[PDB]
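*Asks:* Can you read through this structure? Questions will come right after.
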Amino acid sequence: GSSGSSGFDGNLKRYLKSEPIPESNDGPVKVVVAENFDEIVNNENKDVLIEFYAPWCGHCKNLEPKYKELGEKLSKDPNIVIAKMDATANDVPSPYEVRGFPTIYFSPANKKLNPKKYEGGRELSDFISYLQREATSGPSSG
């Protein structure tokens, strides 16, 4: 017949620094490090949201609790998985680019070639409504 999407995928990423893998991430937001970045972040099976922050930054720290919630909040989403990664602590892959922090990003499904960058209000809810429409899969109710 006449069909077939060759596409393209080859773990397009690169990093020089990486943080140690956590013994267990039994919390609201999954800890994603350059070491296990392409493991949790990269995944065309389920949607994932990566949030880059800095321990030295004050504006980003005050958000820690503002972002955490979202993690346990979206827990009702077997498709969406919230996670965080310390850029400064671990180099960021590509095309993922982080010049100014905080830096929030989103890893869509089968959209690796062209990711997404959260550009709006850093409000717990603002994040939910953002995915409710962005997340290809989205929640059952909506």
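Every residue, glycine among them, receives a Cβ derived from its backbone with ideal geometry; neighbour counts consider all protein chains shown. Nothing in this text is a laboratory measurement; each read-out follows from the coordinates by a stated rule.
*Asks:* Would you say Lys73 is touching a strand residue (DSSP E or B) at 6+ places or on another chain (Cβ under 6 Å) and surrounded by fewer than 18 Cβ atoms within 10 Å (Cβ to Cβ)?
*Replies:* no
*Asks:* Give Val32, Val41 a once-over and let me know the one that is closer than 18 Å to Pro115 by Cα and in contact with a helix residue (DSSP H, G or I) (Cβ under 7 Å, 6 or more places away or on another chain). Even if it seems obvious, please write down each step before you answer.
*Replies:* Values: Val41 fails: in contact with a helix residue (DSSP H, G or I) (Cβ under 7 Å, 6 or more places away or on another chain).
After ruling out the rest, the residue left standing is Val32.
*Asks:* From the list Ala83, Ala87, which one is surrounded by 16 or more Cβ atoms within 10 Å (Cβ to Cβ), touching a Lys or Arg at 6+ places or on another chain (Cβ under 7 Å) and within 16 Å of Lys117 (Cβ to Cβ)?
*Replies:* Working: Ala87 fails: touching a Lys or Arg at 6+ places or on another chain (Cβ under 7 Å).
Of the residues listed, the single one that is surrounded by 16 or more Cβ atoms within 10 Å (Cβ to Cβ), touching a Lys or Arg at 6+ places or on another chain (Cβ under 7 Å) and within 16 Å of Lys117 (Cβ to Cβ) is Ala83.
*Asks:* Then there's this: Is there a residue in the stretch 107-116 that is in contact with a strand residue (DSSP E or B) (Cβ under 8 Å, 6 or more places away or on another chain) and polar (S, T, N, Q)? Working first, answer last.
*Replies:* Step one: list which residues in the stretch 107-116 are in contact with a strand residue (DSSP E or B) (Cβ under 8 Å, 6 or more places away or on another chain), which gives 107-109, 115-116.
Now narrow it down to the ones that are polar (S, T, N, Q): 107.
Yes, there is a match, as at least one residue in the stretch 107-116 is in contact with a strand residue (DSSP E or B) (Cβ under 8 Å, 6 or more places away or on another chain) and polar (S, T, N, Q).
*Asks:* Now for a separate question. Just name the residue that is surrounded by the fewest Cβ atoms within 10 Å (Cβ to Cβ) out of those in the stretch 4-20 that are without any contact (Cβ under 8 Å) to a residue 60 or more places away in the chain and at negative phi. Talk me through it step by step, then tell me what you get.
*Replies:* Going through the stretch 4-20, the residues without any contact (Cβ under 8 Å) to a residue 60 or more places away in the chain turn out to be 4-7, 10-11, 20.
Those left that are additionally at negative phi: 5-6, 10, 20.
Numbers: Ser5: 6, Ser6: 4, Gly10: 6, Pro20: 9.
Going through the qualifying residues, I end up with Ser6.
*Asks:* Residue pairs, Cβ under 6 Å, 6 or more apart or interchain, first in the stretch 129-142 and in contact (Cβ under 8 Å) with a residue 24 or more places away in the chain, second surrounded by 12 or more Cβ atoms within 10 Å (Cβ to Cβ) and part of a loop (DSSP other than H, G, I, E, B). List them.
*Replies:* Going by the 6 Å Cβ cut-off, the qualifying pairs are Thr136/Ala109; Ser137/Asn79; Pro139/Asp77.
*Asks:* I'm told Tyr105 meets every condition in (1) of a type in the set (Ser, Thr, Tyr); (2) in a loop (DSSP other than H, G, I, E, B); (3) closer than 23 Å to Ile128 by Cβ; (4) in contact with a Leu (Cβ under 8 Å, 6 or more places away or on another chain) except one. Can you identify the failing condition by its number?
*Replies:* (2)
*Asks:* Taking the stretch 21-48 as the search range and keeping residues that are without any contact (Cβ under 8 Å) to a residue 40 or more places away in the chain and either of a type in the set (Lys, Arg) or loosely packed, with under 10 Cβ neighbours inside 10 Å (or both), which one is farthest from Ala135 (Cα to Cα)?
*Replies:* Here is the first cut: in the stretch 21-48, the ones without any contact (Cβ under 8 Å) to a residue 40 or more places away in the chain are 21-26, 36, 39.
Right, trim to either of a type in the set (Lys, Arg) or loosely packed, with under 10 Cβ neighbours inside 10 Å (or both) and you get 23-24, 26.
Numbers: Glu23: 29, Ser24: 26, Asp26: 23 Å.
Per the criteria, the residue is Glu23.
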